[PDB]
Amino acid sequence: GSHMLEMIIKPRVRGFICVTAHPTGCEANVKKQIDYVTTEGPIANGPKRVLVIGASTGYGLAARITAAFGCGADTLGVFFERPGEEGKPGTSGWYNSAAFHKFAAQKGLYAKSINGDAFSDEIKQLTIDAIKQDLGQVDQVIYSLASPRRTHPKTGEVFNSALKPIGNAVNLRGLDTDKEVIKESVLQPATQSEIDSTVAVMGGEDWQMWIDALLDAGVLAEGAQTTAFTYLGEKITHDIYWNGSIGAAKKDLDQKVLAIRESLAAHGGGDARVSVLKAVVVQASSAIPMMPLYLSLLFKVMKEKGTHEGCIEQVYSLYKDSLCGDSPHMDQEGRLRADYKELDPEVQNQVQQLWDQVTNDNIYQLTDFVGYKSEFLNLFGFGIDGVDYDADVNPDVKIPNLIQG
């Protein structure tokens, strides 16, 4: 019988990483984000043909949902995910994208996806072909890539990004989510090679290659728009994201966008912006001990002010207010800001005060570690309402219109 091909999927955590995902729960999570967008209402004057680079999880998935179900856009998505198979659940991003194709088709929306290395020339060429065959051109390009490594499309060199400070070693407090102990560790300052590598991986070169491979193709509409997602944060994380190796990468983004805006604004009044979003739980959060503690504190503080939100709420506002509306939130460098509720002085002062009082004993009285754990499990499709986690499921979920690179 088919029970031999099905299985009961449960959370399995190895190395602060959940190595399983639940297809039914992932589908329920995507539908929850779709339902939020539709309940909030349509978004006027948004793009109608959208390319989302990094479209399977987190903010990129939220952008695909907002564009599709908020602006009514046909969406082409690029991601790097593992399909499921007998006895081996695929990645959450695979099941999320399967659900997106299903729900998009129900609403008569075009949904095609490409699975492969977005840093490579091959994948850029497949994406170009897809646009030529189906859409003609795209109005908006969302760059939402997060990877620890990058294979250079020319030299073949493999760059690995580093999460380290610059100048002086730093003592970072954090929360070990396997042991549930508050703990500190010292990070050494990044070497020059580590900094260049992080710029190469998380900088803006690949975003630039995408736009310049699409422009000479040519598949960008008049008034075309593009934005890249980033995080700046405040003092608690500044040793890494302001001044650290990743801060060096974000400094790269800030200058490469200038070249992109120049090229687009001559092309029908288009526009390009770095968009700064708030911190959220992602698949890799528990692997950096600082973020679980910061997010747990931030969640409690913001919940007490009625300002807590996740990916789909952040990105729905970015579209409605800044990318397509007339409530844009520019900053001195020319970045779009949607993180202002996280950076509110009273929130950060309260997170900082608590940051110095949390111990192993009072974690659940001072932080929303409960909420962090729930949202973390939700990423992989676990703990979702309405899902019968006792039922067998076939982990081999297929995706129509999925180009395998």
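Counting begins at 1, following the sequence as shown.
Just going by the entry, 228 to 236 versus 76 to 84 on mean CA temperature factor gives the higher value to 228 to 236.
19 to 27 and 384 to 392 differ in mean CA B-factor, and the higher of the two is recorded for 384 to 392. For the set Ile142, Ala279, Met330, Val301, the PDB entry assigns the largest Cα B-factor to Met330. Highest C-alpha temperature factor among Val257, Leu163, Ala265, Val315 per the entry: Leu163. In this PDB entry, the Cα temperature factor of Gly204 sits in the middle third of its chain's modelled residues. Annotation for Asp361: CA B-factor lies in the highest third of the chain's modelled residues.
Split the chain's modelled residues into thirds by C-alpha temperature factor. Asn349 is in the middle one. In the deposited entry, the Cα temperature factor of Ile288 places it in the highest third of its chain's modelled residues. Sort the modelled residues of the chain by CA B factor and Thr91 lands in the lowest third.
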